[PDB]
Amino acid sequence: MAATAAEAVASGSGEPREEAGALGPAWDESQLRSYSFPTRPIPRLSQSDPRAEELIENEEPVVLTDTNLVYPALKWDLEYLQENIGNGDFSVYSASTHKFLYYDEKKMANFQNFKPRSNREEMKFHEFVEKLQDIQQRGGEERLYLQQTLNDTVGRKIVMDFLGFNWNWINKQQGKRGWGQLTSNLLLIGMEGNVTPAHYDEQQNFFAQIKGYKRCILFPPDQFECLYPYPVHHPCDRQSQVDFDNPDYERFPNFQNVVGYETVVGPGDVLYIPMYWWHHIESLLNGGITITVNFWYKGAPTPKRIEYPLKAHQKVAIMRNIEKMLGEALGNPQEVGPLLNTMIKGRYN
Amino acid sequence: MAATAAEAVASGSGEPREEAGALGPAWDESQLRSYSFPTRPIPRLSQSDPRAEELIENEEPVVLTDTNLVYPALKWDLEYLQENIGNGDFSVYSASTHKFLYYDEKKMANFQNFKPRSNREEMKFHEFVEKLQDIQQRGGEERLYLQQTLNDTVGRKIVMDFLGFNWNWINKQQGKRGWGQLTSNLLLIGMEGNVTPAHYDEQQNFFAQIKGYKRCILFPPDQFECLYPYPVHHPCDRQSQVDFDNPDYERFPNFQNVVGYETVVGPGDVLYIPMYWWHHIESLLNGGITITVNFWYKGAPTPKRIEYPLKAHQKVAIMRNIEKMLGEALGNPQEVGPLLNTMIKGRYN
Amino acid sequence: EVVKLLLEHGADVXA
Amino acid sequence: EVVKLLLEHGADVXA
Ligand SMILES: O=C(O)CNC(=O)C(=O)O
Ligand SMILES: O=C(O)CNC(=O)C(=O)O
Ligand SMILES: [Zn+2]
Ligand SMILES: [Zn+2]
């Protein structure tokens with residue numbers, strides 16, 4: 001049966017891999033949250049494996065097992081970082097729940113009636129660490145997620161580690177793909193169970209896992225239809241409106257057709273998250289703190305001669321641009337939806 | 001009651017006016033087709049009446065009773081025209097029914113499955129006249145409507161008449177409104193009962209009635225919502241998809257909210273049809289042949305400083321432009337609807 | 790420039 | 790020019 005072949009081709013992230021030295025499973029399926037859609041496994045390859053090069057060239061996700069991209073950072077943990085990350089401020093988001101939905105603060109104006117679900121607080125690294133310990137100590141249910149662009153202020157030893165990244169490998173990758181400049185390295189330190197909801201990014205991303213384990217669910221740009229992004233002017237622009245924990249199939253019917261690419265990344269894995277691909281990211285339940293550094297590159301420039309029919313991501317670019325232009329042209333983001341309905345109701349169904 | 005005041009403020013085209021010399025009603029209400037919406041009467045004013053100037057300046061419809069715009073043309077009838085209109089070809093549309101739906105022939109390609117409802121045939125004026133007489137003679141049910149831009153070929157006396165138009169009046173009007181150039185004069189000769197379905201034009205129009213009587217139903221550009229124009233790339237671009245004789249309220253629910261401005265124009269009336277205003281035009285039942293000449297002017301140019309919020313017609317311009325750009329950008333008109341639904345389903349409802 | 794782009798109108802009439 | 794206008798993409802990331 002083709003359903004039969006399909007039911008097992010939804011292997012998720014495969015059987016948990018065994019750590020070297022017979023250290024038993026690093027995780028087990030019970031630490032993954034339960035969702036309603038099938039997924040297939042993102043392949044885990046060697047960086048010298050040509051198939052992995054073929055996937056990156058084609059802008060498909062792959063987990064590279066052996067880049068050494070952030071090899072010096074694998075000794076990172078809270079104690080080390082607090083002694084050497086320096087006295088700069090770090091952006092930390094606080095949430096009552098396990099889904100951190102983010103917001104573009106600038107867009108906070110036009111929509112008055114959005115109410116934030118997680119607040120952001122600036123603090124020195126040592127305060128963040130203490131604030132974690134506190135919550136831990138008092139068995140509290142609060143949740144914190146630190147996300148900060150690594151900046152000049154970082155201490156001596158963190159710079160030394162940084163220089164030890166495998167710039168040769170990723171530099172060549174930037175060249176080979178015609179990508180733009182590296183815009184930033186985002187440091188993410190998460191509490192176990194933390195969820196970043198499905199969203200896509202307007203940059204290419206090499207996602208370098210450092211401590212703990214993150215389950216990554218990806219969807220191709222061609223499943224825009226099933227994922228229902230917030231309006232472009234909305235503070236949650238680029239995130240799915242679908243609550244993966246309780247999907248409203250009445251509002252979002254095509255979410256019943258979504259199929260995900262999935263993987264678990266641990267210390268030393270690099271996950272290529274192609275530009276425009278949706279990703280949902282959860283730090284495994286009872287896995288401890290997680291640490292990731294990503295590398296965000298501006299995407300390749302638009303080609304001289306456009307080849308038709310358009311790829312899916314180009315259509316996302318177009319739709320985004322249509323909403324932006326109507327926003328400016330009407331004098332008000334809030335008339336975009338009304339104009340758009342006038343335009344299709346009874347004309348394009 | 002405000003419903004009471006409303007039920008009589010839907011006066012339609014008023015009581016039929018009595019012709020000079022006590023010649024009884026020129027028409028009676030029984031010669032108007034029956035429709036489902038209320039209408040109010042377009043005012044009939046003198047060209048020296050400042051209110052009429054106020055309406056034109058504000059781009060609202062008005063019937064000017066005394067322009068003499070086409071005074072020399074009032075002697076026109078079929079016999080005169082056939083003796084002097086010259087031997088050029090005239091475009092004539094043929095229909096099985098009384099609604100002439102037109103088509104942009106160039107757009108006939110992209111949509112294969114549209115089938116024309118009325119065909120066009122080129123013929124010399126004298127053939128058109130004979131073809132009318134024939135249908136008349138044989139009691140046939142066929143319908144013909146001649147519509148031809150008046151061109152160089154017209155005979156000596158038709159040019160003399162043309163020079164006798166009140167260019168002073170309309171020239172000043174063109175100036176006073178900053179309009180563009182006069183692009184054309186369309187001659188329309190209709191069989192009694194002929195209907196031109198609701199549509200809007202991208203030019204300002206002084207509609208100069210010559211022979212017979214035409215009922216004109218207008219709707220403001222702000223009732224775009226209720227009138228459901230064909231997609232821009234569709235051969236019937238700019239016409240309503242609503243069949244006024246049998247409106248499908250399931251497909252076009254807001255047609256139940258449409259309110260029309262209405263009038264009957266007879267020999268010597270000029271109806272200012274403002275750019276973007278919808279108009280539905282019927283030659284009265286058993287009224288005989290009708291003759292109109294219109295004057296189409298390019299509209300005023302876009303203003304240096306845009307004043308917000310936008311007027312309704314500007315929003316029609318915008319929507320039109322959005323559909324055109326997606327058409328080009330996607331490589332195919334036929335993907336415009338699909339992209340547009342992807343964009344709103346579950347995002348702007 | 791964007792606004793004025795979307796505000797330009799063609800001049801299509803009748804057929 | 791039109792096509793390439795609508796194909797240009799911003800570079801928005803995370804928050
Ligand atoms: O790792 C996370 O929780 C969130 N990170 C991203 O979405 C990203 O790396 O682009
Ligand atoms: O008079 C008619 O039947 C049709 N004419 C028009 O729609 C026009 O004049 O712009
Ligand atoms: Zn017209
Ligand atoms: Zn991301």
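Chains as they are written, first to last, in the authors' numbering: chain A, 1 to 349; chain A', 1 to 349; chain B, 790 to 804; chain B', 790 to 804. A prime marks a further copy of an entry chain. Where a beta carbon is used, it is the ideal one built from N, C-alpha and C, also for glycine.
Residues near A'/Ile-210 in its chain [Cβ-Cβ closer than 7 Å; skip 5 each side]: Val-70, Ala-73, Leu-74, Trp-76, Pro-267, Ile-291, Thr-292 and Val-293
Selection of the region 130–146 of chain A' by Cβ proximity to chain B, strictly under 7 Å: none
B/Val-802 (DSSP reduced to helix, strand or coil): coil
Presumed contact (8 Å Cβ cut-off) between A'/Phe-114 and A'/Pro-235, rounded CB distance: 6 Å
Min CB distance B/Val-792 to chain A' below 8 Å: yes
Under 8 Å between C-beta atoms of A'/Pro-274 and A'/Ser-240: no
Contacts around A/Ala-208, its chain only, beta-carbon distance under 6 Å, and the 5 residues preceding and following it disregarded: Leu-69, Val-70, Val-270 and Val-293
8 Å Cβ cutoff, A'/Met-325 in contact with chain B': yes
A/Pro-197 - DSSP class collapsed to helix/strand/coil: strand
Closest residue to A'/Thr-263 among A'/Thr-39, A'/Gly-287, A'/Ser-184 and A'/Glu-53 (Cα-Cα distance): A'/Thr-39
Buried/exposed call for A'/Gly-346, threshold 16 Cβ in 10 Å: buried
Cβ shell of A'/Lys-99 (< 6 Å), same chain only, five flanking positions each side left out: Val-195 and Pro-197
Buried/exposed call for A/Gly-260, threshold 16 Cβ in 10 Å: buried
Contact set between A/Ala-329 and chain B, taken where Cβ atoms lie within less than 7 Å: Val-791, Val-792 and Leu-795
A/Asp-222: CB within 7 Å of a non-hydrogen atom of ligand 1: no
Residue 374 of chain A - containing beta strand (DSSP E), residue span: Residue numbering for chain A in the displayed model covers 1 to 349; residue 374 of chain A lies beyond these limits and cannot be assessed.
Cβ distance (whole Å) where A'/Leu-227 is taken to contact A'/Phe-255 below 8 Å: 7 Å
Selection of the region 250–263 of chain A' by Cβ proximity to chain A, strictly under 7 Å: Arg-251 and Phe-252
Under the three-state DSSP convention, the category A'/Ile-42 falls into: coil
Environment of A/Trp-296 [buried if 16+ CB atoms lie within 10 Å]: buried
N-terminal and C-terminal residue of the alpha helix (DSSP H) that A/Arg-33 is part of: Segment: none, A/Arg-33 is in no alpha helix (DSSP H) and carries neither H nor E.
Cβ distance (whole Å) where A/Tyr-93 is taken to contact A/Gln-147 below 8 Å: 7 Å
A/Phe-244 and A/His-280 closer than 8 Å at C-beta: yes
For A/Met-123 and A/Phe-90, believed in contact at Cβ under 8 Å, the rounded distance: 6 Å
Burial state of A/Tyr-145, where buried means 16 or more other Cβ atoms lie within 10 Å: buried
Completely contained alpha helix (DSSP H) runs for the region 52–131 of chain A', where each covers 4 or more residues: 78–84
Closest by C-alpha distance to residue 373 of chain A', when choosing among A'/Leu-23, A'/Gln-174 and A'/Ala-52: As displayed, chain A' neither begins before 1 nor continues past 349, which places residue 373 of chain A' out of reach and without an answer.
Cβ of A'/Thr-97 within 8 Å of any chain B Cβ: no
Distance CB(A/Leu-339)-CB(A'/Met-319) smaller than 8 Å: yes
A'/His-280 in three-state terms, based on DSSP: strand
Bounding residues of the alpha helix (DSSP H) (the contiguous stretch that carries A/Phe-224): 224–227
DSSP state of A/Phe-252 mapped onto helix, strand, coil: coil
Proximity test, A/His-199 beta-carbon vs ligand 4 heavy atom, cut-off 7 Å: yes
Chain-ordered neighbours of A'/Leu-340 on chain A, where CB pairs are closer than 8 Å: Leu-340, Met-343, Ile-344 and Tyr-348
Chain A residues whose Cβ lies nearer than 9 Å to that of residue 368 of chain A': There is no way to answer for residue 368 of chain A', as the model of chain A' reaches only from 1 to 349.
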